[PDB]
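One structure is given below, encoded as structure tokens.
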Amino acid sequence: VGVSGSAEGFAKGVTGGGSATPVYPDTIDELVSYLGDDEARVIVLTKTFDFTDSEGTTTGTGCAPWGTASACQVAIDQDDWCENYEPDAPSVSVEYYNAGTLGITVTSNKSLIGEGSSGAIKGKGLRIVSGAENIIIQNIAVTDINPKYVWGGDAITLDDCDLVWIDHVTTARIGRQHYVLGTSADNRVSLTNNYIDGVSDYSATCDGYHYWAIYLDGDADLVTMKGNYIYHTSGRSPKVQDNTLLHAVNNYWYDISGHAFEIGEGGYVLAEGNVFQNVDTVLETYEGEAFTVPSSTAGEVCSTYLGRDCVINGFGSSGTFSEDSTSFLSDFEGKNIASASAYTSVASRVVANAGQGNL
């Protein structure tokens with residue numbers, strides 16, 4: 001088996017391991033060596049690669065800023081987080097697996113794919129290290145990484161890498177972030193057809209909604225979000241900061257008891273053809289700029305920059321997000337722009353195609 005389809009949007013042209021002969025790791029040590037070696041590879045996962053106990057367990061002390069009920073999340077005191085960034089109240093005993101703490105290193109030219117609904121990584125995430133480029137991660141699940149502890153683990157981390165395509169990936173029951181982007185100026189990333197499963201037994205809101213979803217904290221990066229299914233989260237869906245240009249097209253947000261967008265100072269968002277269903281608050285913080293195509297006529301302004309009109313979003317039992325800032329539209333010129341379907345087909349097509357196993 002190999003990579004199915006190709007990247008749309010900013011990372012169009014990504015090849016990953018290309019035509020390299022597929023290798024089928026057998027043990028977790030082999031998987032780790034294949035992702036970090038200096039050679040083009042197509043790596044296939046046919047079973048769940050469990051890393052939960054691989055690096056032991058630590059007993060330490062953290063705080064409980066979001067209640068002390070069973071269904072609440074508590075924080076691990078990394079860098080004296082508690083006492084520093086939030087002079088906490090109850091300090092509790094925490095016991096976590098050391099593997100979830102840091103993700104597996106991923107170097108350049110890799111295609112990591114899963115076969116059917118079999119490929120998965122448990123107890124540890126992935127980290128696309130600085131300088132790495134041309135990486136395809138498709139059809140796998142990254143789950144169970146210290147569910148009850150913040151700082152307990154991040155599922156997928158990108159830090160200063162270019163031409164990365166994450167497609168049909170499912171993430172669930174992670175301690176902290178499902179996606180954290182620390183990309184640099186002009187780094188192209190396409191996140192397509194992914195399934196962010198925010199349903200967890202422990203949440204920083206204690207209701208079973210994951211707060212730490214998607215964090216775009218890059219420098220001057222270009223991110224395309226298309227066909228993603230964001231479900232049962234309570235915040236950071238997504239949190240955009242610095243000077244990130246985000247093209248969010250044809251995504252589906254459903255059952256968000258909390259909020260979706262947090263647009264920090266400097267962040268640019270072009271949101272078109274998305275569906276927001278049962279999202280309490282679509283826009284929380286707004287210090288940056290956004291064009292949400294308030295009407296089809298307003299969308300006509302996109303023609304000179306994207307080669308076509310922008311399309312409206314659909315809102316069903318959700319808060320509003322109606323902004324028409326167009327200052328940043330010329331930043332689209334000469335780049336690979338993902339196409340947009342009417343929002344009318346989005347809810348159905350996303351639930352049918354998003355996530356591991358629906359390739």
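By convention here, the chains of the structure tokens are called A, B, ... in the order presented, each chain's residues are numbered starting at 1, and ligands are numbered starting at 1 in the order presented.
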task = Could you pull out the residues in segment 173-308 of chain A that DSSP calls helix (DSSP H, G or I) from the backbone, as an MDAnalysis selection string?
result = chainID A and resid 298:306
DSSP strand (DSSP E or B) residues within segment 50-205 of chain A, listed as an mmCIF file with C-alpha atoms, in the first residue's frame:
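So selection-v5.cif came out as:
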```
data_model
loop_
_atom_site.group_PDB
_atom_site.id
_atom_site.type_symbol
_atom_site.label_atom_id
_atom_site.label_comp_id
_atom_site.auth_asym_id
_atom_site.auth_seq_id
_atom_site.Cartn_x
_atom_site.Cartn_y
_atom_site.Cartn_z
ATOM 1 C CA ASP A 50 2.142 1.053 22.136
ATOM 2 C CA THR A 57 6.475 6.310 35.228
ATOM 3 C CA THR A 58 7.108 9.445 37.361
ATOM 4 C CA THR A 59 5.492 10.321 40.689
ATOM 5 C CA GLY A 60 5.622 14.056 41.318
ATOM 6 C CA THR A 61 3.558 17.007 42.415
ATOM 7 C CA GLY A 62 1.245 19.257 40.438
ATOM 8 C CA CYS A 63 -1.787 21.484 41.016
ATOM 9 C CA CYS A 72 -11.318 17.135 36.000
ATOM 10 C CA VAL A 74 -4.877 18.536 36.858
ATOM 11 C CA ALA A 75 -1.529 19.986 35.782
ATOM 12 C CA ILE A 76 1.945 18.513 35.982
ATOM 13 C CA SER A 91 -1.441 20.607 45.017
ATOM 14 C CA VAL A 92 -2.070 16.922 44.222
ATOM 15 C CA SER A 93 0.052 13.796 43.704
ATOM 16 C CA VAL A 94 0.381 12.999 40.004
ATOM 17 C CA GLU A 95 1.562 9.760 38.402
ATOM 18 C CA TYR A 96 2.295 9.774 34.676
ATOM 19 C CA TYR A 97 4.011 7.730 31.968
ATOM 20 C CA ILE A 104 8.953 10.611 18.299
ATOM 21 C CA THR A 105 11.396 12.559 16.118
ATOM 22 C CA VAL A 106 10.479 12.747 12.431
ATOM 23 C CA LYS A 110 8.988 10.382 5.220
ATOM 24 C CA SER A 111 5.558 9.030 4.379
ATOM 25 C CA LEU A 112 4.092 7.444 7.552
ATOM 26 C CA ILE A 113 0.893 5.612 6.645
ATOM 27 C CA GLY A 114 -1.472 3.160 8.303
ATOM 28 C CA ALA A 120 -1.856 3.562 15.405
ATOM 29 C CA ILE A 121 0.519 4.943 17.989
ATOM 30 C CA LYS A 122 -0.448 4.824 21.666
ATOM 31 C CA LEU A 126 5.139 12.734 16.913
ATOM 32 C CA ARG A 127 7.552 15.667 16.540
ATOM 33 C CA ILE A 128 8.586 17.055 13.184
ATOM 34 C CA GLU A 133 10.793 18.970 5.301
ATOM 35 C CA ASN A 134 8.658 16.961 2.842
ATOM 36 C CA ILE A 135 6.649 14.765 5.217
ATOM 37 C CA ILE A 136 3.350 12.949 4.679
ATOM 38 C CA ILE A 137 1.482 11.485 7.680
ATOM 39 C CA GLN A 138 -1.629 9.666 6.518
ATOM 40 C CA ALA A 141 -4.427 7.327 14.992
ATOM 41 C CA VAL A 142 -2.360 8.950 17.754
ATOM 42 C CA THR A 143 -4.213 8.368 21.050
ATOM 43 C CA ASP A 144 -4.045 7.813 24.831
ATOM 44 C CA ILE A 145 -1.249 10.117 25.981
ATOM 45 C CA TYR A 149 -2.560 15.460 33.010
ATOM 46 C CA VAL A 150 -1.904 18.768 31.292
ATOM 47 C CA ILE A 156 1.403 16.108 16.979
ATOM 48 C CA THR A 157 4.075 18.811 17.152
ATOM 49 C CA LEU A 158 5.660 20.654 14.207
ATOM 50 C CA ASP A 162 8.383 22.922 5.680
ATOM 51 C CA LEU A 163 6.029 21.085 3.264
ATOM 52 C CA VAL A 164 4.133 18.851 5.705
ATOM 53 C CA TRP A 165 0.811 17.117 4.989
ATOM 54 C CA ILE A 166 -1.189 15.508 7.806
ATOM 55 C CA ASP A 167 -4.165 13.724 6.300
ATOM 56 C CA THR A 170 -7.450 10.728 14.265
ATOM 57 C CA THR A 171 -6.382 12.095 17.673
ATOM 58 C CA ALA A 172 -8.129 11.273 20.988
ATOM 59 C CA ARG A 173 -7.612 11.254 24.750
ATOM 60 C CA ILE A 174 -4.419 13.338 24.768
ATOM 61 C CA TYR A 179 -1.765 19.854 17.308
ATOM 62 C CA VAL A 180 0.888 22.455 18.170
ATOM 63 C CA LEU A 181 2.577 24.396 15.386
ATOM 64 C CA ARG A 188 3.766 25.404 4.181
ATOM 65 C CA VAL A 189 1.439 23.022 6.030
ATOM 66 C CA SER A 190 -1.795 21.298 4.955
ATOM 67 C CA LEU A 191 -4.004 19.661 7.587
ATOM 68 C CA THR A 192 -6.753 17.784 5.758
ATOM 69 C CA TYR A 195 -10.656 13.908 13.139
ATOM 70 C CA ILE A 196 -10.084 15.738 16.413
ATOM 71 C CA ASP A 197 -11.962 13.594 19.005
ATOM 72 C CA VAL A 199 -14.383 13.374 24.105
ATOM 73 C CA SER A 203 -11.071 17.874 30.875
#
```
query = Using only C-alpha atoms, which residues sit within 6 Å of residue 202 of chain A once same-chain residues fewer than 4 positions away are excluded, as an MDAnalysis selection string?
reply = chainID A and resid 71:73 148
query = Using only C-alpha atoms, which residue out of A:280, A:255, A:323, A:83 lies closest to residue 233 of chain A?
reply =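 Checking each candidate against residue 233 of chain A, we get A:255 as the closest.
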ask   = Closest to residue 123 of chain A among A:206, A:28, A:359, A:45, using only C-alpha atoms?
value =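 Looking only at the distances to residue 123 of chain A, the closest residue turns out to be A:28.
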Using 9 Å as the limit and counting only C-alpha atoms, can you tabulate each residue of segment 137-251 of chain A that touches segment 334-349 of chain A, with its shortest atom-to-atom distance in Å and the two atoms involved, as a tab-separated table?
```
residue	atom	partner	partner_atom	distance
A:224	CA	A:338	CA	7.5
A:226	CA	A:338	CA	7.8
A:227	CA	A:346	CA	7.7
A:229	CA	A:347	CA	8.9
A:247	CA	A:338	CA	8.3
A:249	CA	A:340	CA	6.4
A:250	CA	A:346	CA	6.0
A:251	CA	A:346	CA	7.0
```
ask   = Could you state the separation of atom CA of residue 37 of chain A and atom CA of residue 107 of chain A in Å, given to one decimal place?
value = 6.9 Å
query = Residues at most 6 Å from residue 159 of chain A, counting only C-alpha atoms, excluding those fewer than 5 positions away in the same chain, as a VMD selection string?
reply = chain A and resid 129 to 130 182 to 183
query = In Å to one decimal, how far is atom CA of residue 56 of chain A from atom CA of residue 153 of chain A?
reply =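 Going from atom CA of residue 153 of chain A over to atom CA of residue 56 of chain A covers 14.4 Å.
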request  = Can you work out which one of A:267, A:116, A:273, A:125 has the shortest atom-to-atom distance to residue 46 of chain A, counting only C-alpha atoms?
outcome  =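 Counting only C-alpha atoms, the residue closest to residue 46 of chain A is A:116.
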query = Expressed in Å to a single decimal, how great is the separation between atom CA of residue 65 of chain A and atom CA of residue 263 of chain A?
reply = 24.1 Å
ask   = With only C-alpha atoms as the atoms that count, which of A:292, A:70, A:285, A:48 lies nearest to residue 240 of chain A?
value =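 For residue 240 of chain A, the nearest of the candidates is A:285.
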